[PDB]
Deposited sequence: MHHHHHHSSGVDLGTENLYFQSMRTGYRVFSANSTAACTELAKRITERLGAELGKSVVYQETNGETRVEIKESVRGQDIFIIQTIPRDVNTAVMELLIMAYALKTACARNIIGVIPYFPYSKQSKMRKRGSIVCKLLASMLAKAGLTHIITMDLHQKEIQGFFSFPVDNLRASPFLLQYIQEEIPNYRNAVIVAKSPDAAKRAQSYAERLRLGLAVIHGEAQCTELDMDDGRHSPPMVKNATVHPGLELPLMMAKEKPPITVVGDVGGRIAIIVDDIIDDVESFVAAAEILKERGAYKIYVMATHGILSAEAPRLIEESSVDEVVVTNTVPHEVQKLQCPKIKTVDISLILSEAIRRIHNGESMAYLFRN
């Protein structure tokens, strides 16, 4: 009755996983995640799995390369322990921006989705995939859960006078993600796009930028200044995956973006200390649920439609 493990080794990078299990009444599976002196990762499952369905939880904190081996290795060790089904709960899926092919490089998101299966992953639960199409990369089932319900709720919770707001897209690529918020909130929609220009009336209104990820804040800022410069009195940046790498939290302070709202899909704590401009929304409930459903064999219609 509920086998859920963390492949995390940093004990705050295990916060979300801790949280999910609280909501399931469940207790994390006992299991050491070493690091050898030479750097090699090691995983030891401290309990029997013979024939049971197991849930791994992974968050990615910066050394992304180690988080993925920890994951792969743990899966592979549970496969060897004879796990019937190995379910990856990877709220933020790493390498997910590497989903197009740029130059002579590669779609390493696909590579990862292959390796994940080799390590013996029956299927993954995740949130707000960068592109819904990426769900194709996986040779096993996926649940690409949405954060909108919660992020949307937050709009109408403590965004003062949201109805005068206008949902904005940082770039054409983000036009779709933004469209869904405008449609659901019954609000206007603009898009930015460099020669940097906004397309849409924004003036006299609170701007709300929507996107899936906030990694490198640079273009989120340039967007906020130009929005301002077109009569945007308040700027809110909304996103699912708040990785905020490098000096992003500093740059947010220095910029005119008033608030940044992300989900606890990835760990923040340090970077939201840097910048209290960053408010964070809890998502462990949607995950708690999704995990509950596939275990008991229930339907996940509620989490989608």
item: Deposited positions without coordinates, collected into consecutive stretches in sequence order; value: 1-25, 219-257, 370
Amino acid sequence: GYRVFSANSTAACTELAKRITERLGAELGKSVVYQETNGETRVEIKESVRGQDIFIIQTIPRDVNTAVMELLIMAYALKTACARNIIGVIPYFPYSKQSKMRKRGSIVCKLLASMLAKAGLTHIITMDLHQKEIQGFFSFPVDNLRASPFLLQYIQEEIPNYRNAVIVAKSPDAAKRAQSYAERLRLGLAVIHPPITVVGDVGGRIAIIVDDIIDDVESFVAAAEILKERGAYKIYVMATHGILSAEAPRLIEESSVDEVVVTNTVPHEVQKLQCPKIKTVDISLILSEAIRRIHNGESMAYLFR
From here on, numbers count along this sequence of modelled residues.
item: Average Cα temperature factor in the PDB entry - higher stretch of 25-33, 55-63; value: 25-33
item: Residue stretch of maximal mean CA temperature factor, 137-145 vs 216-224; value: 216-224
item: Residue of maximum C-alpha B factor among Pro160, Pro172, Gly88, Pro94, per deposited coordinates; value: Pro160
item: Out of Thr80, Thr122, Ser114, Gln153, highest CA B-factor residue; value: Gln153
item: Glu70 - which third its CA temperature factor falls in, relative to the rest of the chain; value: lowest
item: CA B-factor ranking of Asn164, expressed as a third of its chain; value: highest
item: CA B-factor placement of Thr265, once the chain's modelled residues are sorted into thirds; value: lowest
item: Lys234 by Cα B-factor - lowest, middle or highest third of the modelled chain; value: middle
item: Third of the chain, ranked by Cα B-factor, where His130 sits; value: lowest
